[PDB]
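Note: the block below is query_16.tsv and it holds TSV, C-alpha atoms and all ligand atoms.
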```tsv
chain	number	residue	atom	x	y	z
A	856	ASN	CA	23.75	-44.31	-51.27
A	857	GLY	CA	21.75	-42.68	-48.49
A	858	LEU	CA	23.93	-43.87	-45.60
A	859	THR	CA	25.10	-41.21	-43.13
A	860	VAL	CA	27.08	-41.48	-39.91
A	861	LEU	CA	25.88	-39.11	-37.20
A	862	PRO	CA	28.58	-37.96	-34.77
A	863	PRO	CA	28.06	-38.81	-31.09
A	864	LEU	CA	26.76	-36.05	-28.83
A	865	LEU	CA	29.68	-36.51	-26.41
A	866	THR	CA	33.08	-36.28	-28.06
A	867	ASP	CA	36.04	-38.37	-26.94
A	868	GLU	CA	37.67	-35.53	-25.00
A	869	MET	CA	34.45	-34.83	-23.06
A	870	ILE	CA	34.03	-38.54	-22.26
A	871	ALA	CA	37.68	-38.51	-21.13
A	872	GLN	CA	36.91	-35.41	-19.04
A	873	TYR	CA	33.99	-37.23	-17.40
A	874	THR	CA	36.26	-40.18	-16.58
A	875	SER	CA	38.87	-37.74	-15.24
A	876	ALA	CA	36.25	-36.13	-12.99
A	877	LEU	CA	35.21	-39.58	-11.73
A	878	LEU	CA	38.86	-40.50	-11.08
A	879	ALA	CA	39.50	-37.24	-9.21
A	880	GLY	CA	36.36	-37.76	-7.14
A	881	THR	CA	37.19	-41.35	-6.22
A	882	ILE	CA	40.82	-40.46	-5.42
A	883	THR	CA	40.34	-37.28	-3.39
A	884	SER	CA	36.99	-38.11	-1.78
A	885	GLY	CA	36.46	-41.89	-1.88
A	886	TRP	CA	32.80	-42.85	-2.20
A	887	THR	CA	31.50	-39.65	-0.60
A	888	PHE	CA	31.08	-37.76	-3.89
A	889	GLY	CA	28.79	-40.46	-5.27
A	890	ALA	CA	26.35	-40.13	-2.37
A	891	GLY	CA	26.39	-36.36	-1.87
A	892	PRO	CA	29.00	-33.65	-1.38
A	893	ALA	CA	32.61	-34.62	-1.96
A	894	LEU	CA	34.29	-34.99	1.43
A	895	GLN	CA	38.08	-34.97	1.27
A	896	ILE	CA	39.97	-37.78	2.99
A	897	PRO	CA	43.63	-38.86	2.73
A	898	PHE	CA	44.02	-41.75	0.31
A	899	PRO	CA	45.66	-44.18	2.83
A	900	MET	CA	42.73	-43.51	5.18
A	901	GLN	CA	40.30	-44.15	2.31
A	902	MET	CA	42.12	-47.41	1.52
A	903	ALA	CA	41.88	-48.35	5.21
A	904	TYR	CA	38.12	-47.75	5.02
A	905	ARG	CA	37.97	-50.04	1.98
A	906	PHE	CA	40.02	-52.59	3.94
A	907	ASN	CA	37.37	-52.47	6.67
A	908	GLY	CA	34.72	-52.95	4.00
A	909	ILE	CA	36.23	-56.32	3.05
A	910	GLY	CA	36.66	-57.24	6.71
A	911	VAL	CA	40.36	-56.45	7.26
A	912	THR	CA	41.43	-54.20	10.14
A	913	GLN	CA	42.90	-50.73	9.49
A	914	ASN	CA	46.22	-51.64	11.16
A	915	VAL	CA	46.98	-54.14	8.38
A	916	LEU	CA	46.71	-51.37	5.78
A	917	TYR	CA	48.72	-48.82	7.79
A	918	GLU	CA	51.54	-51.20	8.79
A	919	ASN	CA	51.96	-52.49	5.22
A	920	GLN	CA	51.22	-49.20	3.44
A	921	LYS	CA	54.46	-49.01	1.44
A	922	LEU	CA	54.04	-52.64	0.35
A	923	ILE	CA	50.40	-52.05	-0.64
A	924	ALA	CA	51.29	-48.92	-2.62
A	925	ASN	CA	54.13	-50.77	-4.38
A	926	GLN	CA	51.85	-53.71	-5.23
A	927	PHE	CA	49.17	-51.34	-6.56
A	928	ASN	CA	51.68	-49.45	-8.73
A	929	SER	CA	53.13	-52.72	-10.04
A	930	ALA	CA	49.65	-54.03	-10.88
A	931	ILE	CA	48.73	-50.82	-12.74
A	932	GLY	CA	51.99	-51.06	-14.71
A	933	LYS	CA	51.24	-54.71	-15.49
A	934	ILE	CA	47.81	-53.62	-16.76
A	935	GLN	CA	49.41	-51.13	-19.15
A	936	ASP	CA	51.98	-53.71	-20.32
A	937	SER	CA	49.27	-56.36	-20.81
A	938	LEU	CA	47.13	-53.98	-22.86
A	939	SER	CA	50.14	-52.88	-24.93
A	940	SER	CA	51.26	-56.49	-25.51
A	941	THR	CA	47.97	-58.28	-26.30
A	942	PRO	CA	46.25	-57.74	-29.67
B	696	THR	CA	29.86	-26.21	-26.68
B	697	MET	CA	28.07	-28.01	-23.85
B	698	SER	CA	29.42	-27.60	-20.32
B	699	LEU	CA	29.96	-30.97	-18.65
B	700	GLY	CA	29.47	-29.43	-15.21
B	701	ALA	CA	30.75	-26.99	-12.65
B	702	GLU	CA	34.39	-27.28	-11.67
B	703	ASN	CA	34.92	-28.50	-8.10
B	704	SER	CA	38.52	-28.77	-6.91
B	705	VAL	CA	38.37	-30.93	-3.78
B	706	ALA	CA	40.73	-29.55	-1.12
B	707	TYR	CA	42.82	-32.69	-0.81
B	708	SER	CA	45.71	-32.89	1.63
B	709	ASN	CA	47.39	-35.79	3.39
B	710	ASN	CA	46.08	-34.96	6.88
B	711	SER	CA	42.69	-33.24	6.42
B	712	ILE	CA	39.27	-34.87	6.41
B	713	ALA	CA	35.77	-33.47	5.86
B	714	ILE	CA	33.15	-34.75	8.30
B	715	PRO	CA	29.43	-34.01	7.85
B	716	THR	CA	27.74	-32.20	10.72
B	717	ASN	CA	24.17	-32.48	9.39
B	718	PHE	CA	21.98	-34.42	6.98
B	719	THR	CA	19.13	-34.10	4.51
B	720	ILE	CA	16.40	-36.72	4.15
B	721	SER	CA	15.95	-36.72	0.38
B	722	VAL	CA	13.08	-38.44	-1.44
B	723	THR	CA	13.53	-39.02	-5.18
B	724	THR	CA	11.28	-40.53	-7.85
B	725	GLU	CA	12.11	-43.42	-10.17
B	726	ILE	CA	9.58	-44.27	-12.89
B	727	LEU	CA	9.84	-47.72	-14.48
B	728	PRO	CA	7.49	-49.11	-17.15
B	729	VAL	CA	6.22	-52.60	-16.35
B	730	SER	CA	3.73	-53.72	-19.00
B	731	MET	CA	2.36	-52.79	-22.41
B	732	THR	CA	-1.10	-52.86	-23.93
B	733	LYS	CA	-2.04	-56.46	-24.73
B	734	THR	CA	-2.93	-56.32	-28.43
B	735	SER	CA	-4.14	-59.23	-30.54
B	736	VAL	CA	-4.40	-59.09	-34.32
B	737	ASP	CA	-6.42	-61.58	-36.35
B	738	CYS	CA	-4.05	-62.21	-39.26
B	739	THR	CA	-6.78	-63.57	-41.56
B	740	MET	CA	-9.14	-60.71	-40.69
B	741	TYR	CA	-6.41	-58.07	-40.99
B	742	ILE	CA	-5.16	-59.24	-44.39
B	743	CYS	CA	-8.46	-60.39	-45.87
B	744	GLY	CA	-11.43	-59.08	-43.87
C	1042	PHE	CA	20.39	-48.49	-7.27
C	1043	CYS	CA	17.74	-47.07	-4.91
C	1044	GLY	CA	18.23	-43.33	-5.31
C	1045	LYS	CA	21.01	-40.80	-4.97
C	1046	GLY	CA	22.65	-40.94	-1.55
C	1047	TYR	CA	22.81	-43.54	1.18
C	1048	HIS	CA	19.60	-45.53	0.78
C	1049	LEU	CA	17.29	-45.67	3.80
C	1050	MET	CA	14.02	-47.06	2.40
C	1051	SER	CA	11.72	-46.96	-0.62
C	1052	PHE	CA	7.99	-46.77	-1.22
C	1053	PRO	CA	6.15	-48.23	-4.23
C	1054	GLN	CA	3.34	-46.42	-6.04
C	1055	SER	CA	1.25	-47.85	-8.85
C	1056	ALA	CA	1.25	-46.00	-12.17
C	1057	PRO	CA	-0.46	-46.66	-15.54
C	1058	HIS	CA	1.51	-49.61	-16.93
C	1059	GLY	CA	4.30	-48.83	-14.49
C	1060	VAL	CA	5.71	-48.37	-11.02
C	1061	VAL	CA	7.08	-45.28	-9.27
C	1062	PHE	CA	9.60	-45.80	-6.48
C	1063	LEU	CA	9.95	-43.03	-3.91
C	1064	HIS	CA	13.51	-43.55	-2.69
C	1065	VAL	CA	14.16	-42.12	0.78
C	1066	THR	CA	17.90	-41.58	1.14
C	1067	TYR	CA	20.26	-39.95	3.62
C	1068	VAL	CA	22.43	-37.15	2.18
C	1069	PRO	CA	25.32	-35.73	4.23
C	1070	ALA	CA	25.32	-31.96	4.60
C	1071	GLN	CA	27.15	-29.06	6.28
C	1072	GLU	CA	30.57	-30.71	6.21
C	1073	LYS	CA	33.46	-29.29	8.21
C	1074	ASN	CA	37.23	-29.56	7.85
C	1075	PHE	CA	39.22	-31.41	10.52
C	1076	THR	CA	42.84	-32.45	10.90
C	1077	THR	CA	43.04	-36.23	10.76
C	1078	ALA	CA	45.58	-38.90	11.68
C	1079	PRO	CA	45.67	-42.65	10.98
C	1080	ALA	CA	46.63	-43.57	14.55
C	1081	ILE	CA	47.29	-42.16	18.02
C	1082	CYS	CA	50.63	-42.81	19.71
C	1083	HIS	CA	50.26	-43.39	23.46
C	1084	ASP	CA	52.70	-45.17	25.83
C	1085	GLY	CA	54.67	-46.47	22.86
C	1086	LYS	CA	51.54	-48.11	21.44
C	1087	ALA	CA	49.58	-47.35	18.28
C	1088	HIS	CA	45.82	-46.87	18.70
C	1089	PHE	CA	43.38	-47.19	15.81
C	1090	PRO	CA	39.66	-46.33	15.84
C	1091	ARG	CA	37.37	-49.30	16.39
C	1092	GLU	CA	34.54	-47.91	14.25
C	1093	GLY	CA	35.25	-44.21	13.72
C	1094	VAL	CA	38.01	-41.81	12.71
C	1095	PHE	CA	40.41	-39.53	14.58
C	1096	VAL	CA	39.65	-35.84	14.08
C	1097	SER	CA	41.16	-32.66	15.46
C	1098	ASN	CA	39.49	-29.25	15.69
C	1099	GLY	CA	42.91	-27.59	15.98
C	1100	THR	CA	44.02	-28.29	19.54
C	1101	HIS	CA	42.27	-31.45	20.79
C	1102	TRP	CA	41.91	-34.94	19.34
C	1103	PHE	CA	38.65	-36.89	19.26
C	1104	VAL	CA	37.18	-39.99	17.66
C	1105	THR	CA	33.93	-39.70	15.71
C	1106	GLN	CA	31.75	-41.82	13.48
C	1107	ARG	CA	32.62	-41.42	9.81
C	1108	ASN	CA	29.27	-40.21	8.44
C	1109	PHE	CA	28.26	-37.71	11.15
C	1110	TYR	CA	30.29	-35.37	13.32
C	1111	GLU	CA	29.99	-36.60	16.91
C	1112	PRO	CA	33.32	-36.05	18.68
C	1113	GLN	CA	34.10	-38.35	21.59
C	1114	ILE	CA	37.07	-38.65	23.93
C	1115	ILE	CA	39.68	-41.11	22.66
C	1116	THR	CA	39.50	-43.97	25.17
C	1117	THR	CA	40.53	-47.60	25.23
C	1118	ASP	CA	36.90	-48.61	24.58
C	1119	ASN	CA	36.60	-47.05	21.11
C	1120	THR	CA	40.19	-47.75	20.01
C	1121	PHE	CA	42.29	-50.88	19.61
C	1122	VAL	CA	46.04	-51.38	19.98
C	1123	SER	CA	48.20	-52.94	17.26
C	1124	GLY	CA	51.97	-52.55	17.37
C	1125	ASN	CA	54.15	-49.63	18.36
C	1126	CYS	CA	54.36	-46.11	16.94
C	1127	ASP	CA	57.37	-46.71	14.68
C	1128	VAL	CA	55.57	-48.29	11.71
C	1129	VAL	CA	52.44	-46.23	10.96
C	1130	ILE	CA	53.14	-43.20	8.77
C	1131	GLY	CA	51.55	-40.04	10.12
C	1132	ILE	CA	50.89	-41.20	13.68
C	1133	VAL	CA	50.49	-38.32	16.12
C	1134	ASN	CA	51.04	-38.12	19.87
C	1135	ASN	CA	47.93	-37.82	22.03
C	1136	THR	CA	46.73	-39.23	25.33
C	1137	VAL	CA	44.32	-42.17	25.45
C	1138	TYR	CA	41.94	-42.19	28.41
C	1139	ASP	CA	41.38	-45.33	30.47
C	1140	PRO	CA	37.91	-45.69	32.04
C	1141	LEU	CA	39.25	-48.18	34.61
C	1142	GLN	CA	41.99	-45.76	35.72
C	1143	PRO	CA	39.82	-43.62	38.10
C	1144	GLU	CA	38.28	-46.81	39.53
C	1145	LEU	CA	41.36	-48.48	41.02
C	1146	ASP	CA	42.70	-45.05	42.04
C	1147	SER	CA	39.66	-44.51	44.29
D	745	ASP	CA	17.15	-39.75	-57.54
D	746	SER	CA	14.53	-41.58	-59.63
D	747	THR	CA	11.13	-39.90	-59.40
D	748	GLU	CA	9.34	-42.89	-60.96
D	749	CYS	CA	10.87	-45.24	-58.39
D	750	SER	CA	9.76	-43.00	-55.52
D	751	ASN	CA	6.25	-42.80	-56.99
D	752	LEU	CA	6.13	-46.60	-57.10
D	753	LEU	CA	7.63	-46.75	-53.59
D	754	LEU	CA	4.76	-44.62	-52.24
D	755	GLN	CA	2.41	-47.51	-53.13
D	756	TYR	CA	3.95	-49.53	-50.27
D	757	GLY	CA	2.99	-46.90	-47.70
D	758	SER	CA	4.93	-45.80	-44.62
D	759	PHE	CA	7.61	-48.51	-44.59
D	760	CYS	CA	10.35	-45.89	-45.12
D	761	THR	CA	8.99	-43.74	-42.27
D	762	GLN	CA	9.06	-46.80	-39.99
D	763	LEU	CA	12.66	-47.65	-40.90
D	764	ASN	CA	13.84	-44.04	-40.48
D	765	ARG	CA	12.04	-43.80	-37.12
D	766	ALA	CA	13.65	-47.03	-35.90
D	767	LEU	CA	17.14	-45.90	-36.96
D	768	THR	CA	16.56	-42.49	-35.33
D	769	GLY	CA	15.53	-44.25	-32.12
D	770	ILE	CA	18.73	-46.31	-32.19
D	771	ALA	CA	20.79	-43.16	-32.84
D	772	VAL	CA	19.32	-41.28	-29.86
D	773	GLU	CA	19.60	-44.46	-27.76
D	774	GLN	CA	23.39	-44.53	-28.25
D	775	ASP	CA	23.71	-40.98	-26.86
D	776	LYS	CA	21.42	-41.95	-23.98
D	777	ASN	CA	23.70	-44.94	-23.28
D	778	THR	CA	26.78	-42.72	-23.19
D	779	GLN	CA	25.01	-40.25	-20.85
D	780	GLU	CA	23.93	-43.08	-18.54
D	781	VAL	CA	27.40	-44.60	-18.33
D	782	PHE	CA	29.68	-41.56	-18.13
D	783	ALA	CA	27.59	-38.54	-17.04
D	784	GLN	CA	26.87	-39.62	-13.48
D	785	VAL	CA	28.46	-36.57	-11.81
D	786	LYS	CA	27.42	-32.95	-12.21
D	787	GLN	CA	30.66	-31.66	-10.67
D	788	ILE	CA	33.94	-31.72	-12.60
D	789	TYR	CA	36.40	-32.78	-9.91
D	790	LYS	CA	40.12	-32.14	-10.31
D	791	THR	CA	43.13	-33.74	-8.65
D	792	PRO	CA	45.48	-31.57	-6.57
D	793	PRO	CA	48.65	-30.38	-8.36
D	794	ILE	CA	50.80	-32.26	-5.82
E	1201	LIG	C1	38.53	-26.80	3.95
E	1201	LIG	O1	39.69	-26.01	3.71
E	1201	LIG	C2	39.94	-25.72	2.33
E	1201	LIG	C3	41.24	-24.95	2.28
E	1201	LIG	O2	41.55	-24.38	3.55
E	1201	LIG	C4	38.76	-24.95	1.72
E	1201	LIG	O3	38.95	-24.84	0.32
E	1201	LIG	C5	38.92	-23.47	-0.14
E	1201	LIG	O4	37.58	-22.92	-0.22
E	1201	LIG	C6	37.53	-21.56	-0.68
E	1201	LIG	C7	36.09	-21.13	-0.63
E	1201	LIG	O5	35.33	-21.72	-1.68
E	1201	LIG	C8	38.13	-21.47	-2.08
E	1201	LIG	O6	38.13	-20.11	-2.51
E	1201	LIG	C9	39.55	-22.02	-2.09
E	1201	LIG	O7	40.06	-22.03	-3.41
E	1201	LIG	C10	39.58	-23.43	-1.52
E	1201	LIG	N1	40.95	-23.93	-1.46
E	1201	LIG	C11	41.29	-25.15	-1.88
E	1201	LIG	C12	42.74	-25.51	-1.74
E	1201	LIG	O8	40.48	-25.93	-2.35
E	1201	LIG	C13	37.45	-25.70	1.98
E	1201	LIG	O9	36.34	-24.91	1.56
E	1201	LIG	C14	37.29	-26.06	3.45
E	1201	LIG	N2	36.09	-26.84	3.66
E	1201	LIG	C15	35.00	-26.36	4.28
E	1201	LIG	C16	33.85	-27.31	4.41
E	1201	LIG	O10	34.96	-25.22	4.72
E	1202	LIG	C1	20.66	-29.26	10.48
E	1202	LIG	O1	19.85	-28.92	9.35
E	1202	LIG	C2	18.48	-28.61	9.66
E	1202	LIG	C3	17.78	-28.39	8.34
E	1202	LIG	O2	17.87	-29.54	7.51
E	1202	LIG	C4	18.44	-27.39	10.59
E	1202	LIG	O3	17.10	-27.11	10.96
E	1202	LIG	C5	16.77	-25.73	10.64
E	1202	LIG	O4	17.26	-24.81	11.65
E	1202	LIG	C6	16.99	-23.43	11.33
E	1202	LIG	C7	17.65	-22.60	12.41
E	1202	LIG	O5	18.01	-23.40	13.53
E	1202	LIG	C8	15.48	-23.22	11.25
E	1202	LIG	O6	15.21	-21.86	10.90
E	1202	LIG	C9	14.87	-24.16	10.23
E	1202	LIG	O7	13.45	-24.03	10.23
E	1202	LIG	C10	15.25	-25.61	10.52
E	1202	LIG	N1	14.74	-26.50	9.50
E	1202	LIG	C11	14.09	-27.64	9.78
E	1202	LIG	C12	13.63	-28.44	8.60
E	1202	LIG	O8	13.89	-28.00	10.93
E	1202	LIG	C13	19.27	-27.68	11.84
E	1202	LIG	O9	19.32	-26.52	12.67
E	1202	LIG	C14	20.69	-28.09	11.47
E	1202	LIG	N2	21.45	-28.44	12.66
E	1202	LIG	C15	22.70	-28.02	12.87
E	1202	LIG	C16	23.33	-28.47	14.15
E	1202	LIG	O10	23.29	-27.31	12.07
E	1203	LIG	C1	38.22	-28.14	20.36
E	1203	LIG	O1	37.22	-28.82	21.14
E	1203	LIG	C2	37.42	-28.77	22.56
E	1203	LIG	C3	36.30	-29.58	23.18
E	1203	LIG	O2	35.06	-28.89	23.12
E	1203	LIG	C4	37.46	-27.32	23.05
E	1203	LIG	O3	37.80	-27.30	24.43
E	1203	LIG	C5	36.81	-26.57	25.20
E	1203	LIG	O4	36.74	-25.16	24.84
E	1203	LIG	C6	35.76	-24.41	25.59
E	1203	LIG	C7	35.80	-23.00	25.04
E	1203	LIG	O5	37.13	-22.52	24.93
E	1203	LIG	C8	36.08	-24.48	27.08
E	1203	LIG	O6	35.06	-23.80	27.81
E	1203	LIG	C9	36.15	-25.94	27.53
E	1203	LIG	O7	36.53	-26.01	28.90
E	1203	LIG	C10	37.16	-26.70	26.68
E	1203	LIG	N1	37.23	-28.10	27.08
E	1203	LIG	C11	38.38	-28.74	27.31
E	1203	LIG	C12	38.26	-30.17	27.72
E	1203	LIG	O8	39.46	-28.18	27.19
E	1203	LIG	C13	38.50	-26.53	22.26
E	1203	LIG	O9	38.44	-25.16	22.63
E	1203	LIG	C14	38.26	-26.66	20.76
E	1203	LIG	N2	39.29	-25.95	20.02
E	1203	LIG	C15	39.03	-25.19	18.95
E	1203	LIG	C16	40.21	-24.53	18.31
E	1203	LIG	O10	37.89	-25.05	18.52
E	1204	LIG	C1	55.98	-38.38	20.12
E	1204	LIG	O1	56.46	-39.03	21.31
E	1204	LIG	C2	57.70	-39.73	21.15
E	1204	LIG	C3	57.98	-40.40	22.47
E	1204	LIG	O2	57.37	-39.71	23.55
E	1204	LIG	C4	58.79	-38.75	20.71
E	1204	LIG	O3	60.00	-39.47	20.48
E	1204	LIG	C5	61.09	-38.87	21.20
E	1204	LIG	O4	61.61	-37.71	20.52
E	1204	LIG	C6	62.69	-37.05	21.20
E	1204	LIG	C7	63.04	-35.83	20.39
E	1204	LIG	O5	63.07	-36.12	19.00
E	1204	LIG	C8	63.86	-38.02	21.38
E	1204	LIG	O6	64.89	-37.38	22.12
E	1204	LIG	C9	63.40	-39.28	22.10
E	1204	LIG	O7	64.47	-40.22	22.16
E	1204	LIG	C10	62.21	-39.91	21.38
E	1204	LIG	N1	61.73	-41.07	22.10
E	1204	LIG	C11	61.24	-42.16	21.50
E	1204	LIG	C12	60.80	-43.27	22.40
E	1204	LIG	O8	61.16	-42.24	20.28
E	1204	LIG	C13	58.36	-38.02	19.45
E	1204	LIG	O9	59.32	-37.03	19.09
E	1204	LIG	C14	57.00	-37.35	19.64
E	1204	LIG	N2	56.57	-36.72	18.41
E	1204	LIG	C15	56.12	-35.46	18.35
E	1204	LIG	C16	55.71	-34.96	17.00
E	1204	LIG	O10	56.03	-34.75	19.36
E	1205	LIG	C1	51.99	-34.55	4.74
E	1205	LIG	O1	52.54	-33.51	3.91
E	1205	LIG	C2	53.44	-32.62	4.60
E	1205	LIG	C3	53.86	-31.57	3.61
E	1205	LIG	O2	52.84	-31.33	2.65
E	1205	LIG	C4	54.62	-33.41	5.17
E	1205	LIG	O3	55.45	-32.53	5.93
E	1205	LIG	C5	54.10	-34.54	6.07
E	1205	LIG	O4	55.20	-35.33	6.51
E	1205	LIG	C6	53.12	-35.41	5.30
E	1205	LIG	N1	52.60	-36.47	6.14
E	1205	LIG	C7	52.40	-37.72	5.70
E	1205	LIG	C8	51.84	-38.68	6.70
E	1205	LIG	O5	52.65	-38.05	4.55
```

Could you write out this structure as structure tokens?
Amino acid sequence: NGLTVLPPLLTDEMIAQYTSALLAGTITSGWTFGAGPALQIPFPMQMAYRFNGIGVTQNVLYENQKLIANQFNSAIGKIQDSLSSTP
Amino acid sequence: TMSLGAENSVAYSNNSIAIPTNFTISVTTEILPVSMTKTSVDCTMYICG
Amino acid sequence: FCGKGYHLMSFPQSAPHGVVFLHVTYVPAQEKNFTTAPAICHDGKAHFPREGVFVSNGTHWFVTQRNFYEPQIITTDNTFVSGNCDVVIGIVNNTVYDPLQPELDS
Amino acid sequence: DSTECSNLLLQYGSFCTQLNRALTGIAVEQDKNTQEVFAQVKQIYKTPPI
């Protein structure tokens, strides 16, 4: 009766590709790609920089790196379980 | 099909960092509307003259 | 929020029913690869950069600020000591200079 | 598809043009919203294979 649904300009795979590019930039380069050229940095070193941003020394991140990685992986898994288990 | 952008594989490794040796002072423009035209309509004069 | 890049300052300009912000930002450029390490092992102690990052040009280790390449000698004044070398993953062996060491020697 | 109804609808003026223009503005605004949220990088970065 005269109603039409126009498709979005960006399809779901291209929006997913944009999110993938953002994830790759924030993983391989930290915040450098958002302010200019993407500068590579190891991810523990990037996490240490983020630790300094919140006022915690780098040594705390490096000494407890396995624990921090395990906690991060567990939290990401809990996020997937919580999304899969909550309607 | 529209290209999202140029591919840029960042050369990530566990012991390599990229440090800038120079800088660019970049000035960019941001245009923001603030106000509109203040219009008043006499309802009696518009409908009835 | 105030332009692309690290924001330095901004300048307002009036416009018809609007405002134009000239955002002056700092953009890094001419980046160079370096070999990096989280910490420096010296005398059984782990040294971490106080404000910068450890970089290596291939043979020598330096400490530099993170947003501009300015290599400096790794001393006890720009590093801090926390723990031994057994815990940090990827720690490398390099000397750490002491500024007080030539003073008591002479 | 009634011609008589459209002829009577033309007596009300440009209401239909206004409604179509507003809906078109909403439709382009949604694409602008998606561009503003997701298209903030002009480089397609990729993770390393390892
Ligand atoms: C840092 O080193 C990496 C690898 O040694 C460089 O990345 C290569 O760059 C060339 C030139 O564009 C490409 O053809 C290769 O495919 C890249 N390799 C990888 C693994 O990405 C990188 O360019 C160097 N950085 C700088 C600033 O010179
Ligand atoms: C850092 O970049 C600036 C440009 O932003 C370089 O200055 C240029 O240097 C070349 C050759 O030395 C001159 O021909 C240009 O006229 C300069 N441009 C400006 C705007 O001054 C500068 O040399 C670079 N520094 C380093 C160490 O690479
Ligand atoms: C890494 O940087 C150091 C510091 O500049 C370089 O060592 C100097 O190299 C020059 C040229 O060979 C010599 O004249 C100096 O006497 C060296 N200084 C010291 C303290 O050794 C070193 O050559 C650089 N290495 C690379 C691979 O670029
Ligand atoms: C960094 O230095 C430490 C100590 O100077 C080295 O550890 C020694 O390694 C040798 C050979 O593996 C052993 O025989 C010694 O018993 C170790 N001593 C200690 C106190 O651990 C270490 O190998 C060096 N690392 C590198 C890459 O050269
Ligand atoms: C970095 O990776 C290399 C091999 O790619 C490995 O030999 C080395 O131990 C790694 N270092 C760290 C700190 O993970």

Two-atom distance - atom CA of residue A:860, atom CA of residue D:751 (Å): 27.0 Å

Neighbours of chain C in chain B at 10 Å, counting only C-alpha atoms, as a ChimeraX atom specification: /B:706,708-732

Could you write out as lines of an AutoDock Vina configuration file the box around ligand LIG 1201 (chain E) (axis-aligned, all atoms listed in the file, 4 Å on each side), with centre and edge lengths in Å to one decimal?
```
center_x = 38.3
center_y = -23.7
center_z = 0.7
size_x = 16.9
size_y = 15.2
size_z = 16.1
```

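Going from atom CA of residue C:1101 over to atom CA of residue C:1115, you cover 10.2 Å.
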
12 Å contacts from chain D to chain B using all atoms listed in the file, as a PyMOL selection string: chain D and resi 779+782-794

Within 6 Å of stretch 909-918 of chain A using all atoms listed in the file, minus same-chain residues under 4 positions, as a PyMOL selection string: (chain A and resi 903) or (chain C and resi 1128-1129)

Distance query stretch 759-773 of chain D at most 10 Å, all atoms listed in the file, self and fewer than 3 positions along chain excluded, as number ranges by chain: A: 860-864; D: 753-754, 756, 776-779

Interface, chain A side, toward chain B (8 Å; all atoms listed in the file) as a PyMOL selection string: chain A and resi 869+873+880+883-884+893-898

Expected answer as a ChimeraX atom specification: residues within 6 Å of ligand LIG 1203 (chain E), all atoms listed in the file: /C:1098-1101

Pairwise distance for atom CA of residue C:1080 and atom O2 of ligand LIG 1201 (chain E), rounded to one decimal in Å: 22.7 Å

Within 9 Å of ligand LIG 1204 (chain E), counting all atoms listed in the file, residues as a list in words: residues 1082, 1083, 1084, 1085, 1126, 1127, 1132, 1133, 1134 and 1135 of chain C

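Between chain A and the residues C:1081, C:1112, C:1086, C:1130, the shortest atom-to-atom distance, using all atoms listed in the file, involves C:1130.
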
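Distances from A:878, A:859, A:889, A:867 to chain C were compared using only C-alpha atoms, and the smallest one belongs to A:889.
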